[PDB]
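A single chain, nothing else alongside it, follows as structure tokens in the form deposited in one PDB entry.
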């Protein structure tokens, strides 16, 4: 039941999603090993993901969380990078999209930094890179990220350098505690707590 609607670049919605993508790029502590070397992206396409069943699944769970947290869903817009983008947009998030080995346990991981999610497009640690050239820093091959609506509810704060949420909590927040430029990362343990709202097609750009 999924349909994808192209946004025109003249559309304010295209422009505000592109700006969130571009403005949350940072340098990474691997020097670009996992995700490539770049300071900005070439945005090729932005599509709205429309699936009524998956949306109602999201809003149902959002209401449950909100009612457990003084009518506050604590909803964010966050990036997700994955080799399974194309299954996610058709079937929704579930246990098969969890990062089993993540530092906050087996859950589904999201980032404020678009460049963090970019490290996972070709797999954990960037895998072996693009399928065509085996290059984690490929400037040619098209990449895709999701920009997702995520319900955090009461989030457990972890200060730092499928499983269950900590008791009394609906998510985990990974707060950066060394790299002063890093933005937060978040983990949910229920696939229903996220909706893949935008599919973004891009390339990383080689710095001049």
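Positions refer to the first chain, counted from 1. We call the rigid core whatever largest set of C-alpha positions still superposes within 1.5 Å between the two forms.
What follows is about the form deposited in another entry, which we do not show.
- Comparing C-alpha positions between the shown form and the other one after a rigid core fit, one residue in 141, 183, 43, 37 moves 2 angstroms or more. It is 183.
- Three angstroms is the minimum change: in the other entry, the CA atoms of residue 181 and residue 42 sit farther apart than in this structure, by 3 Å or more.
- Between this form and the other one, the CA-CA gap for residue 172 and residue 181 narrows by 3 Å or more, being smaller in the other entry.
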